[PDB]
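Okay, here we've got a single chain as structure tokens, the form deposited without the partner chain, with questions on binding and movement later.
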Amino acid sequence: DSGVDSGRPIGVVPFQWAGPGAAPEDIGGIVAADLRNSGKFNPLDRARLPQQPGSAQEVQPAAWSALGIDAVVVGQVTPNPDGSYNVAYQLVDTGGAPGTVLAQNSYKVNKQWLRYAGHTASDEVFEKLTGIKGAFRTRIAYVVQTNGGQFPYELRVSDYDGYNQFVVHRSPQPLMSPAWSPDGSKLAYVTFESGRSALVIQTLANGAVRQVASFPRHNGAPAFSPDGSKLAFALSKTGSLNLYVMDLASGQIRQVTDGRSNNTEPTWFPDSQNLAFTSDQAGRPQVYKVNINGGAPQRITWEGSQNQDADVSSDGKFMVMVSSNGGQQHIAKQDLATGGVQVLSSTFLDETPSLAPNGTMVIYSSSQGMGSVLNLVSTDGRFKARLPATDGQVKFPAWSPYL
């Protein structure tokens, strides 16, 4: 819903490093990358910075408004004797009230939390300048297939931008489609470890695992309801996949769809009652919507030869999905009210899109020979980037809720 050329230009100056040598991290670089990733901003190339002020007072507004820049982010990174660091940023106005500090904060963090300090600065500048909750301190879950033979599959979690990865679960068999609990503490996912498909929910903090379902099938594509009370997923035995809803408090499972049609990849609407999902009911896959509390499925995608793997935004205003047309398979966004569709990505064979909690960015995977990598694309379509390559093929990314 930004629908413009580039984003709002903004000056993000490298942070001053008072400590000896060089800085342990490029905080300004992180803030710029974050802001840019959202498609909401176009940080000025470090090449064209008119100056590199190290403090708000050193900022000369005229130099920035001149280049069409409303605000400038300046900052300082200072080493503490205990080995930790002080990361401070000041958001300085270079427009209506030149030189005034719109926002500033300072954080004391260990080397390991320096990127977090950067993402915090980004979140603050972001919420202050867009009114939209920042998602820069969010994480993503995904599955990497390494080249190791014993446990090729690793369900991992990392910062949304690919850094600070950690393994949640390693498996000798395929792992797929993790899904975050709304409170960000658990991941549901499908594992073939038992030899056949199973749906589990693992608590990230202690690794605890809850068995949910095992009926005969393949990928269950789980999805937690926004309110935390249910988990929707697909089971395929009768010869076709159908939707089931898991009541998390009681464990009672109820079938939400029936028929010879393959109904899968459920995703929740904000009300925790309606699901959007993929069905082959009309031939090539299309996206349908159904209220778990009663009613028959309602096809909702009409544009495109095929649409699947939907992800409804947190505000229910739109959804992203994999849309195939003219031999191109990309992530597309569909307005849930007016039905307009906008193709976001342009990479090769885009799959499983997952919306950032503020709905400003989508993480998805694309094809690379026999493998695949993760990508980010802002929901306004302005920014596209590969996430940092890792030691394996990556699939099924899932963006965490706000943390």
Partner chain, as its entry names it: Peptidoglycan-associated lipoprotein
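Superpose the two forms; the largest set of C-alphas matching within 1.5 Å is the rigid core. Positions refer to the first chain, counted from 1.
FYI, the form deposited with the partner chain bound isn't displayed, but the following is about it.
Highlighted residues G29, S84 and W113: none comes within 4.5 Å of the partner chain in the deposited complex, counting any heavy atom. The closest heavy atom approach of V322 to the partner chain in the deposited complex falls within 4.5 Å. Although the partner is absent here, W399 is not a contact residue: none of its heavy atoms lies within 4.5 angstroms of the partner chain in the deposited complex. The closest non-hydrogen atom of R196 lies within 4.5 Å of the partner chain in the deposited complex.
In the deposited complex, the partner chain lies farther than 4.5 Å from every heavy atom of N358.
Contact with the partner chain in the deposited complex, defined as a heavy atom within 4.5 Å, holds for exactly one of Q308, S313, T120, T301, namely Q308. A heavy atom within 4.5 Å of the partner chain in the deposited complex is found for one listed residue only; from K133, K289, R170, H218, this is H218. Stretch-level contact check against the partner chain in the deposited complex with heavy atoms at 4.5 Å: of 34 to 42, 51 to 59, 64 to 72, 349 to 357, the positive one is 349 to 357. Once the two forms are fitted on their rigid core, between the shown form and the other one the CA displacement reaches 2 Å or more only for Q328 among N293, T203, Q328, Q252. If you fit the rigid core between the shown form and the other one, you'll see the Cα of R170 move by less than 2 angstroms. Once both forms are overlaid on the rigid core, the distance between the two CA positions of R217 between the shown form and the other one is 2 angstroms or more.
An increase of at least 3 Å in the separation of the C-alpha atoms of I331 and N219 is found in the deposited complex, compared with the displayed form.
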